[PDB]
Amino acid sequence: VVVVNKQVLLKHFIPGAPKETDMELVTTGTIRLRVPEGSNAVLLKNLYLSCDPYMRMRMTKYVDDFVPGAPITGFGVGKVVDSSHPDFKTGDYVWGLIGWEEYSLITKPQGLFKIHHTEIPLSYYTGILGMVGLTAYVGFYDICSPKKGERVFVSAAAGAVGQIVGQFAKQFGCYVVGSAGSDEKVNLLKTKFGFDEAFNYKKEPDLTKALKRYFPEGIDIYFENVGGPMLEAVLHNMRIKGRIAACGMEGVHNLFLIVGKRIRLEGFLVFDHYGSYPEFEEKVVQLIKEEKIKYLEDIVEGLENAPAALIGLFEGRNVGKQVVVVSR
């Protein structure tokens, strides 16, 4: 039994900006609808794919590089078509690292997360109930060591992770301000996403002065997605014993302030915190069913459009988390 398996490949490594033509759709590839006789594997029918900003790095030659001539890979959601592994069976829904294709043979099924809540749209497990949401959870609740009433700044706040960090922070009793690159997004953070305040970093000539304006008594917590001058502007406006969770990130000349302000600047990677996933799924499903958290998805239909969607996200032309629908 053989079926068409369209794929989106990385055409080649790149050094500036990315283009639709750095990827290619191939439609002359096939797949058996069975896992190899003798492996403990699972074959997935892929439903949804996430476009996440860290995927830019994988296109240039210390995470795992993409491979030229092979399917682009990334987080997504699938249905189990066939499984010779004890922990999965036909019809189970899962999320994990999958190919940019219609079908993925998962050789190591233990890298998959079981979706227990098939009653909440499955595309959620590409973001808020996925890697993105789990990033925000561990970055805020763990790395920031927050306390009620503290003063929180989120850069790229309009992005998928930032929006979630801000709502966890508002829910925690913090004062919350956020940064974005367009008026449409600054307004949504206030009107959709519960942020106390928000500005367009591009309307502002002096980021230090801007942050002063929103934080008269200074900043306790910075959720960092950006770096550079924005970081310098935070350090100038940071309070004693403040905390910076470095989730993502030219030059910073401001660091000596870390000494006199007793600042903790710590990087993390969501990949170390998979053990926190079951707790996280429980909390966030509950918030969503309680209608206490808000979430917008940018939905693009068809693999054929995935390259454009990814480049769209890279440029910041998305509004809320960017999702590709492969099928059903």
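The first residue of the sequence shown is number 1, and the count goes up from there.
> What number of residues from the deposited sequence go unmodelled in the gap from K61 to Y62, classed as none, 1 to 3, 4 to 9, or 10 or more?
Gap between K61 and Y62: 4 to 9 unmodelled residues.
> Between 97 to 105 and 187 to 195, point out the one with the higher average CA B-factor as the PDB entry records it.
That would be 187 to 195.
> So which stretch wins on mean C-alpha B-factor, 264 to 272 or 34 to 42?
Averaging CA B-factors over each stretch, the winner is 34 to 42.
> By the CA temperature factor listed in this entry, which of these ranks top: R243, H117, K79, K147?
The listed residue with the largest C-alpha B-factor is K147.
> Would you please rank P216 by its C-alpha temperature factor against the other modelled residues of its chain and give the third it falls in: lowest, middle or highest?
Top third by C-alpha B-factor.
> Taking the entry's C-alpha B-factors for this chain, is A233 in the lowest, middle or highest third?
Middle third of the chain for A233's C-alpha B-factor.
> Taking only the Cα B-factors deposited for this chain, tell me whether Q286 sits in the lowest, middle or highest third.
Middle third of the chain for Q286's C-alpha B-factor.
> Looking at the entry's B-factor column for C-alpha atoms only, identify whether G130 ranks in the lowest, middle or highest third of its chain.
Lowest third of the chain for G130's C-alpha B-factor.
> According to the PDB entry, is the CA B factor of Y48 in the bottom, middle or top third of its chain, that is, lowest, middle or highest?
Lowest third - that is where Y48 ends up once the chain's C-alpha B-factors are sorted.
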